[PDB]
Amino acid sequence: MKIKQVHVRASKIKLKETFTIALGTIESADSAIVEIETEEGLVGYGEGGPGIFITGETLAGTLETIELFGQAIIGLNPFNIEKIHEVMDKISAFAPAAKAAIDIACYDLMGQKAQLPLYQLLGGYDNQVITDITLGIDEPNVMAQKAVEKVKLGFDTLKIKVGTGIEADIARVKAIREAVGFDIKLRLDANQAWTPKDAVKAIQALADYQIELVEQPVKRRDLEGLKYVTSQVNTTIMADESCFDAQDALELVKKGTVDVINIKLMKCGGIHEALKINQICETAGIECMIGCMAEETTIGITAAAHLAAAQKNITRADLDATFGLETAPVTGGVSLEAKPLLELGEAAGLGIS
């Protein structure tokens, strides 16, 4: 098959509520939605959802880059994902959201051409994924109350955002555990807010609160400090901002920096690159959690879920971006409904539109 044309459009969707993390706030999911059409008529959908305080990418920059990529892959076979990434990598030294947008659309096309759900093409380990739901930074009693709400919706794993100071961060977790009890799994995410010593201190202070894992406790570049935390606590430590791509992953495995790694299609440039990170991690005995940017919609989330369902080593999931969307840009895929279970159907590719 051959790519005939590539179209992209801006999508700006308000979130039901501003989300606060240690890095800042997000109130609108602004993404680039791409449609790749083949000469035979098949259409693939992709998306680039950039998180400025994570990668620095912007919607305007992502749109321009996708157009450059699009005009360079005309005539290529979607299955030649190897050449498609080579072409994009030669065009741009860094544009994970734009690359993911193209990459996702190609995988959607592969699935449609093969007449198979994407999760079958990517590994076939399962046809669904169970996701947690993240609670944004707020006052202890508020977060605790929202925690009760989410658990009533059926969520058994909650991702707690922290990072305004260990004193308050500790109070947030205690209140949450106290409110929902110990039957719920609680994972913390500090989005780089703590120093290596404060991190150890906070984690130890929460020893009796049954913490599943702590995500990116220190600054992204502080790998010595991240490792310090990891080698100082029995609590599982996960890297997020410290790991963008396969190259970063190889570096972390080499140094024994963390216990688990957070994979985001918008950080690595798509499914093709994400698979590399998981293979490297799996070989090193490092499990992976599939994550997401708040700026992504059904397209990005559905793609991530198919990859997570497909791969055995991607044992955790944090795909809750759609739960906060006011509207859905396309039909099909993971819905806007706030629910832990994301069941992927039998529809070919992403099962979108």
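Quick note: we count residues from 1 along the sequence shown, nothing fancier.
Enquirer: Mean CA B-factor: is it higher for 73-81 or for 164-172?
Expert: Here the higher of the two C-alpha B-factor means belongs to 164-172.
Enquirer: So 24-32 or 310-318, which one's hotter by mean CA B-factor in the entry?
Expert: Averaged over C-alpha atoms, the B-factors run higher in 24-32.
Enquirer: Taking the Cα B-factors listed in the entry, which of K264, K90, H272, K185 comes out highest?
Expert: That would be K185, according to the entry.
Enquirer: In terms of recorded Cα temperature factor, pick the maximum from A239, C268, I102, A207.
Expert: So the option with the highest C-alpha B-factor is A207.
Enquirer: Taking the values exactly as deposited, rank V180 by C-alpha B-factor within its chain and report the matching third: lowest, middle or highest.
Expert: Highest third of the chain for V180's C-alpha B-factor.
Enquirer: Ranked by Cα temperature factor within the chain, is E64 in the lowest third, the middle third or the highest third?
Expert: Lowest third, going by the recorded CA B-factors of the chain.
Enquirer: Pull the Cα B-factor of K276 out of the PDB entry and bin it into the chain's lowest, middle or highest third.
Expert: Lowest third of the chain for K276's C-alpha B-factor.
Enquirer: For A190, return the chain-relative third of its C-alpha B-factor as stated in the PDB record: lowest, middle or highest.
Expert: CA B-factor rank for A190: middle third.
Enquirer: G41's Cα B-factor: lowest, middle or highest third of the chain?
Expert: Its C-alpha B-factor, which the entry lists for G41, ranks in the highest third among residues of this chain.
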